[PDB]
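Trainee: What follows is my_file_33.cif, mmCIF, C-alpha atoms.
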```cif
data_data
#
loop_
_atom_site.label_atom_id
_atom_site.label_comp_id
_atom_site.auth_asym_id
_atom_site.auth_seq_id
_atom_site.Cartn_x
_atom_site.Cartn_y
_atom_site.Cartn_z
CA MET D 1 2.55 -14.41 2.73
CA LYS D 2 4.41 -11.07 2.17
CA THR D 3 2.95 -8.46 4.43
CA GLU D 4 5.20 -5.36 4.03
CA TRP D 5 6.90 -3.47 1.29
CA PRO D 6 9.77 -1.35 2.72
CA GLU D 7 11.33 -1.18 -0.68
CA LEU D 8 8.48 1.05 -1.91
CA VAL D 9 9.15 4.07 0.34
CA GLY D 10 9.89 6.93 -1.96
CA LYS D 11 8.41 5.27 -5.05
CA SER D 12 5.45 6.42 -7.14
CA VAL D 13 1.99 4.98 -6.91
CA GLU D 14 2.43 3.45 -10.37
CA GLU D 15 5.62 1.68 -9.31
CA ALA D 16 4.12 0.57 -6.04
CA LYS D 17 1.03 -0.87 -7.65
CA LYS D 18 3.17 -2.83 -10.21
CA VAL D 19 5.28 -4.34 -7.45
CA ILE D 20 2.45 -5.12 -5.02
CA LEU D 21 0.30 -6.74 -7.76
CA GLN D 22 3.29 -8.95 -8.83
CA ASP D 23 3.69 -10.00 -5.20
CA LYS D 24 -0.02 -10.09 -4.37
CA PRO D 25 -2.28 -10.55 -7.40
CA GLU D 26 -5.45 -10.20 -5.33
CA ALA D 27 -4.37 -6.87 -3.80
CA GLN D 28 -7.00 -4.12 -3.44
CA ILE D 29 -4.75 -1.06 -3.42
CA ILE D 30 -6.03 2.05 -1.63
CA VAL D 31 -4.23 5.40 -1.89
CA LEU D 32 -4.59 7.90 0.97
CA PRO D 33 -2.73 11.03 2.10
CA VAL D 34 -0.32 10.50 4.96
CA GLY D 35 -2.14 11.03 8.23
CA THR D 36 -5.57 9.90 7.10
CA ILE D 37 -7.45 7.96 9.89
CA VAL D 38 -8.77 4.62 8.81
CA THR D 39 -11.31 2.30 10.32
CA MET D 40 -10.16 -0.82 12.23
CA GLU D 41 -11.40 -3.71 10.14
CA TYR D 42 -8.84 -6.07 8.66
CA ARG D 43 -8.71 -7.04 5.04
CA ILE D 44 -6.00 -9.53 4.18
CA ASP D 45 -6.39 -8.58 0.51
CA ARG D 46 -5.98 -4.80 0.99
CA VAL D 47 -2.79 -2.80 0.79
CA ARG D 48 -2.98 0.90 1.61
CA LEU D 49 -0.44 3.32 0.22
CA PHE D 50 -0.01 6.48 2.31
CA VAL D 51 1.35 9.06 -0.08
CA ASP D 52 2.90 12.47 0.00
CA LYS D 53 1.99 15.71 -1.84
CA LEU D 54 3.72 14.34 -4.95
CA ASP D 55 1.96 10.97 -4.83
CA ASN D 56 5.06 9.11 -3.65
CA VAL D 57 4.77 6.36 -1.04
CA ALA D 58 5.77 7.95 2.25
CA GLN D 59 5.79 5.03 4.67
CA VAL D 60 6.06 1.26 4.44
CA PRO D 61 2.93 -0.30 2.85
CA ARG D 62 1.43 -3.24 4.76
CA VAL D 63 -1.44 -5.65 4.35
CA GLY D 64 -4.63 -4.91 6.16
#
```
Starting from the file, lay out its structure as structure tokens.

Mentor:
Amino acid sequence: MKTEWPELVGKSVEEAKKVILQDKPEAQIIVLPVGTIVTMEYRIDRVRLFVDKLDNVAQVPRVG
């Protein structure tokens, strides 16, 4: 199972969603500002995108 998407740093949310859904059709994609604190529970189906002021992916997306 692919768990990380280093190739998406710098890319838009639209691009990131297209790629993650190709790779991971069940993905629940969540978009948060960089630095947002999340709760600890694990979801194998979730991929969070931490984005910058311009809605570009700012750090490597991972499952969880």

Trainee: Under the PyMOL selection byres ((chain D and resi 15-18) around 12), which residues of this model are included? Write them out as a PyMOL selection string.

Mentor: chain D and resi 4-14+19-31+46-51+55-62

Trainee: In Å, rounded to a single decimal, give me how far atom CA of residue 63 of chain D is from atom CA of residue 45 of chain D.

Mentor: 6.9 Å

Trainee: If you measure from atom CA of residue 44 of chain D to atom CA of residue 3 of chain D, what distance in Å do you get, rounded to one decimal?

Mentor: 9.0 Å

Trainee: Using only the atoms of segment 44-59 of chain D listed in the file, plus 5 Å on each side, state the axis-aligned box centre and edge lengths in Å rounded to one decimal, as AutoDock Vina command-line options.

Mentor:
```
--center_x -0.3 --center_y 3.1 --center_z -0.1 --size_x 22.2 --size_y 35.2 --size_z 19.6
```

Trainee: Exactly which residues make up the result of the PyMOL selection byres ((chain D and resi 42) around 6) on this file, given as a PyMOL selection string?

Mentor: chain D and resi 41+43+64

Trainee: Include C-alpha atoms and write out the residues we just selected as an mmCIF file, in the coordinates of the input.

Mentor:
```
data_model
loop_
_atom_site.group_PDB
_atom_site.id
_atom_site.type_symbol
_atom_site.label_atom_id
_atom_site.label_comp_id
_atom_site.auth_asym_id
_atom_site.auth_seq_id
_atom_site.Cartn_x
_atom_site.Cartn_y
_atom_site.Cartn_z
ATOM 1 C CA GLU D 41 -11.400 -3.710 10.140
ATOM 2 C CA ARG D 43 -8.710 -7.040 5.040
ATOM 3 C CA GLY D 64 -4.630 -4.910 6.160
#
```

Trainee: Could segment 27-50 of chain D be completed with N, CA, C and O atoms and written as a compact mmCIF listing (two decimals), in the frame of the given file, please?

Mentor:
```txt
# COMPACT_ATOMS: atom_id res chain seq x y z
N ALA D 27 -4.40 -8.09 -4.59
CA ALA D 27 -4.37 -6.87 -3.80
C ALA D 27 -5.47 -5.85 -4.29
O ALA D 27 -5.61 -5.59 -5.45
N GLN D 28 -6.10 -5.27 -3.27
CA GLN D 28 -7.00 -4.12 -3.44
C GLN D 28 -6.18 -2.92 -2.95
O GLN D 28 -6.01 -2.82 -1.71
N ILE D 29 -5.69 -2.11 -3.81
CA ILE D 29 -4.75 -1.06 -3.42
C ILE D 29 -5.52 0.25 -3.26
O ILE D 29 -6.27 0.68 -4.14
N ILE D 30 -5.35 0.82 -2.09
CA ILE D 30 -6.03 2.05 -1.63
C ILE D 30 -4.97 3.11 -1.46
O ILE D 30 -3.91 2.81 -0.91
N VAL D 31 -5.22 4.33 -1.92
CA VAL D 31 -4.23 5.40 -1.89
C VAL D 31 -4.77 6.55 -1.06
O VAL D 31 -5.80 7.15 -1.41
N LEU D 32 -4.09 6.87 0.05
CA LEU D 32 -4.59 7.90 0.97
C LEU D 32 -3.46 8.87 1.29
O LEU D 32 -2.31 8.48 1.38
N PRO D 33 -3.78 10.13 1.57
CA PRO D 33 -2.73 11.03 2.10
C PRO D 33 -2.21 10.53 3.40
O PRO D 33 -2.94 10.06 4.27
N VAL D 34 -0.90 10.71 3.65
CA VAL D 34 -0.32 10.50 4.96
C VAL D 34 -1.17 11.19 6.00
O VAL D 34 -1.58 12.35 5.82
N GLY D 35 -1.40 10.49 7.11
CA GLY D 35 -2.14 11.03 8.23
C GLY D 35 -3.64 10.78 8.25
O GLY D 35 -4.32 11.12 9.19
N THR D 36 -4.16 10.21 7.16
CA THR D 36 -5.57 9.90 7.10
C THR D 36 -5.92 8.78 8.10
O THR D 36 -5.28 7.74 8.10
N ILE D 37 -6.96 8.99 8.91
CA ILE D 37 -7.45 7.96 9.89
C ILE D 37 -8.32 6.98 9.21
O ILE D 37 -9.25 7.40 8.54
N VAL D 38 -8.01 5.68 9.41
CA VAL D 38 -8.77 4.62 8.81
C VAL D 38 -9.58 3.87 9.86
O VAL D 38 -9.30 3.97 11.05
N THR D 39 -10.54 3.15 9.40
CA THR D 39 -11.31 2.30 10.32
C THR D 39 -10.50 1.05 10.64
O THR D 39 -9.42 0.77 10.05
N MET D 40 -10.86 0.34 11.71
CA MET D 40 -10.16 -0.82 12.23
C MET D 40 -10.31 -2.18 11.60
O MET D 40 -9.59 -3.08 11.99
N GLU D 41 -11.11 -2.38 10.66
CA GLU D 41 -11.40 -3.71 10.14
C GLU D 41 -10.22 -4.19 9.23
O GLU D 41 -9.61 -3.38 8.52
N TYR D 42 -9.96 -5.42 9.33
CA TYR D 42 -8.84 -6.07 8.66
C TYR D 42 -9.26 -6.67 7.39
O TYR D 42 -10.26 -7.45 7.38
N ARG D 43 -8.54 -6.40 6.28
CA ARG D 43 -8.71 -7.04 5.04
C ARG D 43 -7.37 -7.54 4.60
O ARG D 43 -6.50 -6.76 4.19
N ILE D 44 -7.26 -8.87 4.56
CA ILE D 44 -6.00 -9.53 4.18
C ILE D 44 -5.61 -9.20 2.78
O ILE D 44 -4.48 -9.39 2.37
N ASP D 45 -6.59 -8.85 1.91
CA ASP D 45 -6.39 -8.58 0.51
C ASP D 45 -6.06 -7.12 0.22
O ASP D 45 -5.76 -6.80 -0.94
N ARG D 46 -6.20 -6.24 1.19
CA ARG D 46 -5.98 -4.80 0.99
C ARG D 46 -4.57 -4.39 1.31
O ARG D 46 -3.97 -4.86 2.27
N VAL D 47 -4.06 -3.48 0.48
CA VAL D 47 -2.79 -2.80 0.79
C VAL D 47 -3.02 -1.30 0.63
O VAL D 47 -3.29 -0.82 -0.49
N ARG D 48 -2.89 -0.54 1.68
CA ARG D 48 -2.98 0.90 1.61
C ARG D 48 -1.60 1.49 1.34
O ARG D 48 -0.58 1.09 1.92
N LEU D 49 -1.60 2.46 0.48
CA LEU D 49 -0.44 3.32 0.22
C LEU D 49 -0.74 4.68 0.79
O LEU D 49 -1.72 5.33 0.41
N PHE D 50 0.08 5.13 1.74
CA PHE D 50 -0.01 6.48 2.31
C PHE D 50 1.01 7.31 1.62
O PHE D 50 2.22 7.05 1.70
```
